Each structure stands twice: as C-alpha cells, then as structure tokens.
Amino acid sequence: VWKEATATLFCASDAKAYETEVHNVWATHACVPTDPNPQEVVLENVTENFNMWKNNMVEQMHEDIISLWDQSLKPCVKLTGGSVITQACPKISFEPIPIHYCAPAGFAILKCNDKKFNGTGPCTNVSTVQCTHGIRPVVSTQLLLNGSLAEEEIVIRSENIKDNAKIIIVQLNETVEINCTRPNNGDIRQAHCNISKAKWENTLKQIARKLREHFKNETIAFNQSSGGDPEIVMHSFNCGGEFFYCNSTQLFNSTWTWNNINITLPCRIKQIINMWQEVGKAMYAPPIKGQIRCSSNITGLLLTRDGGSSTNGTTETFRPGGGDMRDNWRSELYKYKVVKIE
C-alpha cells in the first residue's frame, strides 16, 4: 500500500509571463505549467485517515506565501526587532492567482471525496491526484474569500468543538458576494463594503443550524470581535494593493433560537499595518487616485466560541476569529494528504 510522508512538493499555475502582477511574477519563476490532462484515479474499497490540523502541506504553502509577500511588497518603513528600515515604496499590481501543489515521483496526493468530511479521521471515497485544485493564497481575516465551496451542505470544522480555544472553520455551500469600494475623489481613506442583507442572514441561519448539532436545543448568537489587533477585530483584506479594514459588527449581531437590501460596512484604508508573515510593523504610502473596487465571494468564515457560563444559560456565542494564516491555507488543503508510493 502507502505510508504518510513529508515530501517537498512542487507548484503549478496558469501564470502569465507578460504580467507585472506580483503573484504571476512569483509563479513564473517558482512554478511549472498546469497539467493539460490531469488524471484522477478513484480508489475502490479504500478507507484512509486524514487530519487537516496536522497537514504538512499547510506548512509548505505558508512558507511559499511568506516569501511571495516578502519579495513582492514594498513598504516605506519596516520595523522588526526594534530596528527600522526606510526604502522606496512604489505601488504594485496585486491580485491572487490559483496555485496547484504537485507530488513528485515516488509520491502521490490522496484526495478525500466524502462531501460531509469533518476534517479528521476516516474517509471512504478516496482518489489519487497528481496535483491539488487551484488555490488562491488570499490573506484575509474573519471571512474566507475566493475559496472553494462545500459540495452538499454547510460544513463546520473544528479539531474539538467543545474546546473554546480551538478555531472553527466554516465552509459555505453557496457564495455570498462582497462588493468593496473606495470612491473616486473628500477622505481618501474612507471606503465601504456591500453585502446582500437577506443572503447573509439566511447564511447565518444555516450556520446556526449546523452549530446547534453540537449544542442541542441551544440558542446560537453571533456577536462582534472581543478584541485584539485591528487586523483581527475587523475584516481585513487586500484590494488593488491597498489594505482594507472593515468594521464587521453588522455581520455579527443576531440571535438564532429553535425556529432585498444591503449591509453597508464602514471601512478604512490603513497605512500602518501589523505584519502576519513575521512579528513587526509595516508602513505604506497613501492610496492611489481614482476608484479602488473589487468584488469577492465569501466562501467561509473563522469563528471562536465564547468560553465560560452565561447568566441565562441555553445560549452559545460565536465571534469572528483569526490570528494564524495557516488556518486560511487549511480551509483549502483539508481534503488532501501526501503519501509515499513505495
């Protein structure tokens, strides 16, 4: 048969050599072309164990995205370790592209085809793949953007749902569009996000139903972030190379018991940012002139459940979580594992 191994994977993409876009440039040197005819072999009478929380593929992807950001981003001032460095900071072309991770000779990638897979333990429908699907290395907090959807219903994933210190990764089964804009010409840093109120609330109702399976007959509440760095208290993301920080209170302010307008999120383009790649602070130049606009698909979310008792009881509170970018890579790499053919 096969044994679980930690092999050095290679990458493949549809990166364009003519592009000045940062992800395309990195992938032109680090990656090979995407397999025109990729072969998937569905395995009969095979049950294999997978563990998304202990997946070495996450670590390799994390290393690649850190290097991509480090060699691509141009901050005016960088503070690391008590020392500061000033350099030229021209604006860049930034838009993630899908990246495939491929197994070398003597190795294979096993894929979990169980539509309801929780993230750990056995899986009955397994297939051998040469490469993973195309993964966009999206650096965002609270909401997972431009990822893959759950095939059947919404899937709640946690290493242990009963442990409040463990992150909850929600995978949606239908995309929720998020339209973000910094209008053309007043306050150059003022921006906003639009989300269909009815679509988001119905999504929240279905997330509450899936959460209630682990918290029987309990009221499910969504509340705002309890605190932390601006990167995690707010929904943070990239759009046209600019760092957007959105107040997400309106997205997490509902109570769900056993039973078309827009949500306008107030946003700010920040210049002083706390780095995720390493411990430090980075400063960028003011935003570019004109309309800064991007549309993204919310395909998942990161939640933390409130610890301790409540005065009333019978109610569990969930708040947007984050802090570790490995959980964003984990949300896409959950169905794969590296195995040695030998």
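When you see a residue number, it is the position in the sequence shown, counting from 1.
Unmodelled deposited residues between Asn185 and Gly186: 4 to 9, per the record. The segment from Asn259 to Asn260 is interrupted, since 10 or more residues of the deposited sequence in that interval carry no coordinates. Taking the mean C-alpha B-factor of each stretch as recorded, 165 to 173 and 108 to 116 are not equal, and the higher mean is that of 108 to 116. Across the two stretches, 79 to 87 and 198 to 206, the PDB entry reports the greater mean Cα temperature factor for 79 to 87.
The PDB entry gives the largest Cα B-factor of the residues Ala282, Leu43, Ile65, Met52 to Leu43. Reading the B-factor column for the CA atoms of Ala150, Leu251, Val138, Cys180 in the entry, the top value corresponds to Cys180. In the PDB entry, a CA B factor belonging to the lowest third of its chain's modelled residues is recorded for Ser225. In the PDB entry, a CA B factor belonging to the lowest third of its chain's modelled residues is recorded for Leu303.
Among the modelled residues of its chain, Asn274 has a C-alpha B-factor that falls in the lowest third, as given in the PDB entry. In the deposited entry, the Cα temperature factor of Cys102 places it in the middle third of its chain's modelled residues. The deposited CA B-factor of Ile156 belongs to the middle third of values across its chain.
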